[PDB]
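K.L.:
To kick things off, part of the complex as it is:
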Amino acid sequence: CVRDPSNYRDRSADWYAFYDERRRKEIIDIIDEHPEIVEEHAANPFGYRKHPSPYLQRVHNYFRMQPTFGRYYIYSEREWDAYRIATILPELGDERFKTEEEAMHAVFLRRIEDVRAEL
Amino acid sequence: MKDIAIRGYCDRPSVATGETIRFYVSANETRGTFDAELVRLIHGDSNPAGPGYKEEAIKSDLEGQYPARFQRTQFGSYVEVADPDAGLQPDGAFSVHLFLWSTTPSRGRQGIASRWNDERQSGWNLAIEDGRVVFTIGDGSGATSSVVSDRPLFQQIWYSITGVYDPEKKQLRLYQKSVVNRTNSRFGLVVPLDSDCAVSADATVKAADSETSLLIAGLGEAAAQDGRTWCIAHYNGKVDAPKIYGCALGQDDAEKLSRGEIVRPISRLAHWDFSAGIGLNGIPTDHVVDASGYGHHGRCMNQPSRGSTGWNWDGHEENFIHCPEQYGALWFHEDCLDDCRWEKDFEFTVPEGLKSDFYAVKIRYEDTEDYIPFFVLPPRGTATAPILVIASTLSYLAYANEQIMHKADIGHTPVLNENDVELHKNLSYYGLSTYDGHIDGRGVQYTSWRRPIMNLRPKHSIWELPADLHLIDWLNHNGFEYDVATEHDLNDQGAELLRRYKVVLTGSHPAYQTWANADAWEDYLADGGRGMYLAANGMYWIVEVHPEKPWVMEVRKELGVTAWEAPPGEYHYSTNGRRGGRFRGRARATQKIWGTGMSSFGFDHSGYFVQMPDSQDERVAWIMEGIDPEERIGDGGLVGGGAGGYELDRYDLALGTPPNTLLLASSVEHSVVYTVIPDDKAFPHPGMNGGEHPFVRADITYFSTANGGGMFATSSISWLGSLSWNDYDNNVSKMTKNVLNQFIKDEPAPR
Amino acid sequence: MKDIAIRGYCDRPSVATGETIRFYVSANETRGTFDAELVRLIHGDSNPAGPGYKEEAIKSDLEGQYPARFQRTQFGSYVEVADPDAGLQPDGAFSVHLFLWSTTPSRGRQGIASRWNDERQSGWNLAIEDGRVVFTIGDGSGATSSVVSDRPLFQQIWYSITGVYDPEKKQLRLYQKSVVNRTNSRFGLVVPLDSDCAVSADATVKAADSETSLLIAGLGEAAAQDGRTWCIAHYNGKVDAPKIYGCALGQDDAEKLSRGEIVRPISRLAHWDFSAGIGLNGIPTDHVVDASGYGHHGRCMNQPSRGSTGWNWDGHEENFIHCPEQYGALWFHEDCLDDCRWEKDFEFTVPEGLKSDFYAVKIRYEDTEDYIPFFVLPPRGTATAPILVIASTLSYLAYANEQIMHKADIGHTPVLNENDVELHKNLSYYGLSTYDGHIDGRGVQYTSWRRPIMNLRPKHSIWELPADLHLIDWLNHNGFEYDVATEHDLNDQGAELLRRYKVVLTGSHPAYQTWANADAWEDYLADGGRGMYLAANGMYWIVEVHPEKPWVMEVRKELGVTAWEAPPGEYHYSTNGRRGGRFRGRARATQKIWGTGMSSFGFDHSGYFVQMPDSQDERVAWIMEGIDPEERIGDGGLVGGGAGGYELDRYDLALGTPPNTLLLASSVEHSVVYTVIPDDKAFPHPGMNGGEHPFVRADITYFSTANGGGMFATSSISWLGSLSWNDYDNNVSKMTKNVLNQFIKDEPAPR
Amino acid sequence: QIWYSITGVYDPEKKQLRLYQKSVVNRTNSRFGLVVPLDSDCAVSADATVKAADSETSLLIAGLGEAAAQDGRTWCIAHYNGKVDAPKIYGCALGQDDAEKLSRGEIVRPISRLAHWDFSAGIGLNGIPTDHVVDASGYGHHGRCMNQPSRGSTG
């Protein structure tokens, strides 16, 4: 019989743990074997008239779909002229930024540091 | 950080001359006064690389000082059955049967059916706490008796539950029994499901009058001051056919109730059929019929989902208007909101001498300026300009209070401001959007005007009211005299509104339309009318404005360019019993009226247009007047940095583009992130992207209709953003100005 | 080249003991004899890296020599109204009105309505030649008289066409008028369409008796020898409500006919209502009713699409059973086939001592072996084994005569053979498949057993009868005693067929089930029955077997893993009136019965399974028994190169996986070729690929049901193709043999 | 026992009450049939001096409200004998062409309605087992049958 919903759990999360492990090792190998994509995204974080490399696009497609993508918002008050990095009531960062390209690249660097910190 | 201290809304989106709009304002705490005045919105976007923020102040009978106060918002769906005479608080035995489909059965204490006071523990409630259905009575002295089920509930499983109070034995009872079948629940019949119990306990108190109303999906907070009962412990999930009996049932009788039989009909005190009222026009009302014959007629509050799948739904009929005896449920979320029900602070009758344009009320509190946008129409039955601009109000209600930060708890690291963290910080004051989902996992269908819409405000892709203020600033900068309607008004008036004007200009993202809106556009363009479609994604979703409540918009989505998808038997609208998914699947695709329809979306930047061989054609030399044939059309803008991007429409004869349509230009340089929409796909093979598939393009078109009509389509959201580039000296404004100077003349549009 | 010279089919897929199957054989030219003998198919896949082709010959009363001959095949949809007495050949005046919707209006000479002979030019026809509508009479002398439309037709536009012959003025006339509205036609009401005409011509000849039958959507070829009228100039597109009068009609009267109004109801001769007989169970008949009352009933031939959208269709009802007055059209393609109508060559009544297995009649012509497979059941009401093997005949009919080369005239460079070049060389003898589409662009909905299915032969992703012969060879190489049933027989017999067996296995691609097959599996597993699901994509599409023609199978597709989508008003089946799209949108997903369900697909190669942390649970120490916990389950294989590949099913509790399901392993190493199915995508974005998204996985699962039942699923196509790797010494065969030795024992399956 | 289509118009601009009666017999519904030379149609008018004040009662079909509703109950006095089919209230004056279009069974000015009680809303395949009358216009003014009139009557 099946009589209590506390005994049972989503067993797919075992495969999500295994998948996230192999996917993190793959991504840090791609970053360590291609260190010019950081300079590339620093030059143009939107890809405006210069589309990303396939490796930069692969690192984007890893970052832009995790459940940890819900952190690292970019905050900007109406009567302010700088951009700050919010973090999860958020927690605002401290480093101001002139343009938002700088803020997006700083979020990109901080996500690379976060994916290095788990390994 | 910055703490927004003043909020507000109108009761209606648009107001003609000589009639009254009412502004409902609420602060944090009750102190001080707030100022108010009336402004005319000209340009909303405050990008320093553009024209900057523009507005005009207007002397009126409005400006002054008003006492700033706090106004409380009821939040979440329920059914309030009013009861002054305490008829649904029995003195002897009573029993409560209902069906149950809980979606979040372990999210705290959730009341299902109650006539309960929570300040003083009195009345009776049937609720869920610690995962278990608990039947509780109270006498007002703080002492309660309660019976608790043996088996916790499973998620999204249908259960028949019967709570019995029995004074002859001084005994509470509770009969829980699961009623899964092949189609109605989360898992089917192959499970060995054991979630049935018949427990009992002693009654140590009686049931006293709670002096509240009866609430389905919730609990009464305190005694009913002023006749209004506040609801606190909001249930999440379906409740099908509750009933109160005026006697004490048994286990055989609860087993008969578990099969859909109405046992002991003469002993009922109330019996609410949630499916009574379904006709061929759907169920366009928030009335609940007492099917026991005692006039205990309920009232749906905060719009739960009428026409939902019942417990007895085998999946043979998937339209609720045709098998309404299997559609007697009601979904009941906790974060629904259709109306804030606030008290009016001030009102405003539009004078005779006022130009029809975009307006707003600027409220200046201590440090916070807040706007309340509304729309002033021309007088009724007249027209004061040769140009009509349609303000896309239904796609303002679509994106209303669209909470990006709240979606984590369910690309390009999205930018925020203080209007977003107030949505995240006070969810109860604002509500949700049709791109959001409920906490139940199902996306939000009903959205509303009578609430503070935080991304409607003109400052700070953009929030889609500044994306229309782009066009309004471009019109005011030139010498064009225009009027402004809304999509609600086009819905009300038909093609009679449109035929008063020569050219009619569509907004920046008109994606959500009603069916009669498209009928009115087709009857307008068919017989002499002229139009401009200065946008992409123009007629994607079908919408029905609620008949009783003209401030509430219904949409039900499916596979496509979507955020959510409707559950299987729940595709047909409550307001009209009609299918209404995307327009393309109803054989009324956007090409069949405007010439171009949705092709691809994306979210990084924009591209530029490249002229086709039909740009050198001699019939459209009037469009391409000041444009050299080697140029790029619109390389640079305030939205995405280009004139073609962020959503794209294409030319397609198989979807109903007229045959005399001339394809002028096409957008290029789109990233791999621009995917092809799921409508165009048979098998997903790799390469459904921009730069690799031939469907990632925009298309500037033109076709002529009968009696000197015509239709100019530009197929891009960012086209209006590219109007003011290089200080109004670009190819985009030259093309728009050529076609607009041709369309306002008294001669026909060229063939 | 290697030219195929002999063909054949069975009248029925599966035959028990003591009843008769027939075999209908045709050679390219009438000469010689052909040998025939009965074999038993064991292993069909002739890959040299595997076991090789295996067959066992059976000394039967079926063999001998039979005279080979050629048998002509009718190919295309029409409606034959039989008329021996020439009642629909009037002597005075006559007029023919019909509503028309042409889908290829420029593909040759196309007859709409006729009682015509084409050897001698006698009779009357209303045809489409040279892109225009021509109404002709003839007398048999070679002399005709034609009247030709001034305006040619547009593609997919509704027209009301009247053709008048009048002997008094000695004049043929022709009244064309286009009847578009907002929803029915290709483009809409914004076009300035002038495609109406009223032309006339002089008549010299009379209409003689053509000695044929009246045909809708075709012309009679010659006079009917032995009561059969062949058909030649086939038509593509809808014909709505044709009628013949016995009088000349004016232009006012044809104008009244154009608005849908039966003028002169005593002057009619025939009026075929294509929406007579639509009940609440669809229209499961090939019968067309003379609505006038003169008894000239018709008969649909080669299955045109009943329940199509008609001329008066506006999208307010999209189920044809609830608005039959706006659904009165038949679609009439030119490349349809439900039956080849050949003559019987030899029949076979099944003996008593014949084991239930996979059989075929090997036919030897000059230089060609041909196999005609059929399935022998056990005797009626009995079970000669503890194992049943379901043969997936509904998905044999899905892929039946699937034409890869013909898709190039409407990945990984597809390899062909001598069977596919006859499918391309002779379309007229074989038909099409549901993964194809007709020449109009609409997908093939109906498919049939009574035709030579050329990709069903055992030799040469494989053709899915070799893919089941994989399992058959694995069972025969071990010592297992099994029976055989088909999905048609499971449809016929319910769960009563399944309850005779301790374990029911599943064919290698069971994708198309009926609704009653799903009910039978659900009721079977819910009480004690065990089952294996050694495949993926297992309950995707809903299918109905036709009630009058049980050899005919109907599917209608939508957005998913599809090749075509149904047009925007026609989602319901003709055979029963129910929706029947894909099973997931009816809340009967594949996870709800079999534990896993369709997750992703691709086309290049395969992966391998990696053991999950539930592999070391001691509750599944019987499954993972002789297998080391560090190995790769299934690396190497005949199909793709591994065990997990080409289609995959996943664990998912939100769709109905039972809560006690264990997750034993999952597949890895999938390329970017593999994609997430569109059923799961809210917004598509890059990274929805194999290796970059967590939904590209297979999942080996086990769950127990009530009364000692259970269910094992391996969630990949190529599992059965991996069983014979390394000469039957691998982890795939050891795991499958462990679970099959556990399931056939006389004890409850473990928990 | 003869079917009539009766419109009553109040117009404050011309300060005028009007009344459009028209008999709508066919072969089967009424007492006698189509062989009568029936002239029972009229279009009359009168001068209005007063306004319509709030009566403080409920709307009644087939009866008049007696006094103002004490404790939410409206008594009923001048009862009626015979069928009423699909009553409706507009918020506008109607002409004679528009009342002629109403006489042929046609919902004119569907945005100008205030109420439209469909007495055949809710007829399923199980009859109409309810005492509930639906406002078909969409303004929510639902009714309630009292003392059981015959639902399912010929219209």
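P.N.:
Structure's in. What do you need? Numbers count the residues shown, from 1 in each chain, chains lettered A, B, ... in the order given.
K.L.:
what number of residues lie near the closest residue to chain B within chain A?
P.N.:
Per C-beta to the nearest C-beta, residue A:70 is where chain A lies closest to chain B, at 2.8 Å. Bear in mind the C-beta positions are built from the backbone N, C-alpha and C, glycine included. Residue neighbour count, defined by other C-beta atoms under 10 Å in any protein chain shown, stands at 15 for residue A:70.
K.L.:
what's near enough to touch the residue nearest to it when sequence neighbours are not counted?
P.N.:
Nearest non-adjacent residue to residue A:70, counting by C-beta to C-beta, 6 or more residues apart in numbering or on different chains: residue B:408, 2.8 Å away. For residue B:408, the contacting residues are A:69-71, A:88, by C-beta atoms under 8 Å, 6 or more residues apart in numbering or on different chains.
K.L.:
change it to 10 Å
P.N.:
Residues in contact with residue B:408 (C-beta atoms under 10 Å, 6 or more residues apart in numbering or on different chains) are A:67-71, A:73, A:88, B:424.
K.L.:
what's the spacing between it and residue A:107?
P.N.:
Between residue B:408 and residue A:107 the computed distance is 15 Å (C-beta to C-beta, to the nearest Å).
K.L.:
sorry, back to before: how much space separates the residue nearest to residue A:70 from residue A:72?
P.N.:
Following C-beta to C-beta, the distance that separates residue B:408 from residue A:72 is 11 Å.
K.L.:
Look up the residues that both of the two are in contact with.
P.N.:
residue A:88.
K.L.:
can you give me the strands in chain A?
P.N.:
Along chain A, counting by DSSP state E, strands occupy A:73-75, A:84-87, A:91-92.
K.L.:
Show me what the shortest one is packed against.
P.N.:
Okay, so that is strand A:91-92. Strand A:91-92 sits against strand A:84-87, with contacts defined as 3 or more C-beta pairs under 10 Å, 6 or more residues apart in numbering or on different chains; DSSP states H and E.
K.L.:
again with the first one
P.N.:
Strand A:73-75 is packed against strand A:84-87, helix A:100-117, strand B:415-416, helix B:418-425, with contacts defined by 3+ C-beta pairs under 10 Å, 6+ apart.
K.L.:
ok, 8 Å please
P.N.:
Using 3 or more C-beta pairs under 8 Å, 6 or more residues apart in numbering or on different chains; DSSP states H and E, the elements in contact with strand A:73-75 are strand A:84-87, helix A:100-117, strand B:415-416.
K.L.:
Just name the most buried of these.
P.N.:
strand A:84-87 (a mean of 20; mean count of other C-beta atoms under 10 Å in any protein chain shown).
K.L.:
following sequence is chain E, add it:
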Amino acid sequence: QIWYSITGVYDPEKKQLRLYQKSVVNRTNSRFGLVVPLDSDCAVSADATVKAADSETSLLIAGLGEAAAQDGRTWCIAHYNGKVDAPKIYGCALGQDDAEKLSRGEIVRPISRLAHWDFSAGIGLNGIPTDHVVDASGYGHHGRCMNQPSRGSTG
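P.N.:
Take a look at chain E, now in place beside the chains above:
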């Protein structure tokens, strides 16, 4: 006037004729209701001593062919009196479980039919104004009502 389901089987593998008679009364279809203890069910069998030769006539529901079909017309002699609902011929030999399933309205073994006349196929909203009988098995064995039996009778 009692409804019976009757199945006659010829079986050359055993050279055996069989006959499965079973009464199917309910509350409304027959002469007397369910309170009777009705015992009119049998499953009898006998030996086949001949084969079945071609009669060279037409198939006749409610009657017997007189002689061979001179001029294509078949004369009918032994006229049956009373209802016949949904006859069918199967091309195989049935059983007792299969006749029990046929007794409930189920169409068993659909691919093994030779003919199956639905006497109700053709009923629309205009009635059934024809004397055509539709072969619902898909073989074109379409009958023809002669001398006008009562279409639209109680099944």
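K.L.:
same question on what packs on strand A:73-75, but now with chain E added
P.N.:
Using 3+ C-beta pairs under 8 Å, 6+ apart, strand A:73-75 sits against strand A:84-87, helix A:100-117, strand B:415-416.
K.L.:
In contact with the closest residue to chain C within chain A, which residues?
P.N.:
The nearest approach of chain A to chain C comes at residue A:61, 3.3 Å away (C-beta to the nearest C-beta). Each residue near residue A:61 by C-beta under 8 Å, 6+ apart is listed here: C:685-687, C:692.
K.L.:
Show the buried residues in those residues.
P.N.:
C:685-687, C:692 (16 or more other C-beta atoms under 10 Å in any protein chain shown).
K.L.:
center of chain B, which residue is that?
P.N.:
Residue closest to the average C-alpha location in chain B (C-alpha atoms, centre = their mean): residue B:447, at 2.5 Å.
K.L.:
any idea how far residue C:619 is from that residue?
P.N.:
When residue B:447 is compared with residue C:619 (using C-beta to C-beta), they lie 49 Å apart.
K.L.:
Let me see the contact set for the residue lying closest to residue B:742 once chain neighbours are set aside.
P.N.:
Counting by C-beta to C-beta, 6+ apart, residue B:622 is the residue found nearest to residue B:742 once chain neighbours are left out, at 5.6 Å. Residue B:622 makes contact with B:738, B:742, B:750 under the criterion C-beta under 8 Å, 6+ apart.
K.L.:
What is the neighbour count of the closest residue to chain D within chain A?
P.N.:
For chain A, the nearest residue to chain D under the criterion C-beta to the nearest C-beta is residue A:2, separated by 37.4 Å. Residue A:2 is flanked by 20 other residues according to other C-beta under 10 Å.
K.L.:
For stretch B:568-588, buried residues please.
P.N.:
Buried, per 16+ other C-beta under 10 Å, within stretch B:568-588: B:568-588.
K.L.:
same question but for stretch B:470-484, I mixed them up
P.N.:
Applying 16+ other C-beta under 10 Å to stretch B:470-484 flags B:470-477, B:480, B:482-484 as buried.
K.L.:
Please apply the same query to stretch B:614-628.
P.N.:
B:614-615, B:620, B:623-624, B:627.
K.L.:
try stretch B:634-653
P.N.:
Quick answer for stretch B:634-653 (16+ other C-beta under 10 Å): B:634-652.
K.L.:
Could you list the contact residues of chain A toward chain B?
P.N.:
Within reach of chain B by C-beta under 8 Å from any C-beta of the partner chain, chain A has these residues: A:1-6, A:46-49, A:51-52, A:57, A:60, A:64, A:69-78, A:83, A:86, A:88-90, A:92, A:100, A:104, A:107.
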